[PDB]
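Just one chain follows, in the form deposited in one PDB entry, and it is written as structure tokens.
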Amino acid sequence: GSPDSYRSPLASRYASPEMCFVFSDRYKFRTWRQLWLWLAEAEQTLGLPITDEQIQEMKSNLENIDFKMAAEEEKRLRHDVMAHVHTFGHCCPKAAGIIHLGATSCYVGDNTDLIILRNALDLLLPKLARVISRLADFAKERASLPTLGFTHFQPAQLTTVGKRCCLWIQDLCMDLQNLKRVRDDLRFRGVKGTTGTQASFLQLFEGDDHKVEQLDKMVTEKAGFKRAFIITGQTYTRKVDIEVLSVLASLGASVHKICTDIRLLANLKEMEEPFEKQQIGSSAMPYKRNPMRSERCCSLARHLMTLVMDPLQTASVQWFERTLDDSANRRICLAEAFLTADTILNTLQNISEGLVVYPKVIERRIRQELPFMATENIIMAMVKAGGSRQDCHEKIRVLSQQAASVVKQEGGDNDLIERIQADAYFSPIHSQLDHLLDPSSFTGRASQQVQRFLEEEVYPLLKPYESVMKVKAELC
């Protein structure tokens, strides 16, 4: 852009070239001109006096956009669309007086935004699908690896690394379905006139409603949409922007939860992000391993959540057939939501492709904590061997207190099993202690739940996206 002015970090640091391009002025104004060509083409076929020469001029000059002239004209007219009409007309002097014929500014403005929304959603969907697929592979691989469960972030009944990963995956699958739904539900604005009544076109076609309806259908079809709104004011209802940014906000929340979990696992030393060979962690310590990619995801996911309040507020105060207090806001929030989303999905894909697990750290933490969770199982085995529940409970309470004192008052390892092994009272069950403290037998149905979840819910969703799976996600 130029380092002497503000540049959005979404453009200069974060988002992919593809998404940056979709929200560029080239893409936008090229699409405006495309829409003016389609209007002229359709109008000519329906019988307005537009010559093939005029159409040919416009077709030749679609990419030939003098941005300097349009800026100068916008300065003079204070109207972006008319600046581009006059600028396109300068290029195309024979076609000049039939460009924009019958239309209001939103014919190009709103229809271009809808085309952009659809294309932007189409870039996110494969990226999200890739993330889900990579995590699903990880989940399958680690379906049966026991790990300490956490509720209130305190030690809890064991889960597996893969099962925990399915918590993440499930949230993303709900996003995938939401994004798909919203993408398929988008309708074209079409040709509607200044207040949505098509009065201008009805006059041009001298009272022929059928021709007005066909014009709407023709441009809708050329733009690649199955359906147009029947009802609009000047604009498509800004409720559409709420629907889109809601599903992105929800996705942000999922990503934030996942990346927060990953950051905590990094503190625990159970799991880590990928690391580049020459990557530095800190100014003081290059070897320090910070989960910086996950941190960035959270940071940007938060912005995605924040942004939902823009279109909510905007839609809620749109007066009658349109007010222009939506316009500047939308220039910002629509682009930034998609660029932020794009960034988080590229980054999350990158993280999921390089996740490192440390099984021996996981095991160590289980050995520390499992003895306290297994006291009930040891009492029951003692009862089965002919002991009284109350005696066994008082004896386990005393040995657990000795062990708890070593942990908390002395900073030592949990030795509760070695204490039970060395007490004659528990000699009826000493031979069973290997069985009663097997971590795999404390994981419930975790590995089965993973298997069932991947077959029944995940793989069916992913099957449509096979062809986009081989792309690797790089970062700078």
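Note that the rigid core is defined as the largest set of C-alphas that superpose within 1.5 Å between two forms. In case it trips you up, residue 1 is the first one in the sequence shown, and so on.
Below, we refer to the form deposited in another entry, which is not included among the displayed structures.
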The mover among 167, 77, 199, 312 between the shown form and the other one, judged by a CA shift of 2 Å or more on the rigid core, is 77
Check your understanding: Is residue 449 one of the residues whose Cα moves 2 Å or more between the shown form and the other one, with the core superposed?
Key -> no
**Displaced residue check between the shown form and the other one: residue 390, CA, 2 Å or over, core reference** = yes
inquiry  = Taking the rigid core as the reference frame, tell me whether residue 47 has a CA displacement of 2 angstroms or more between the shown form and the other one.
reply    = yes
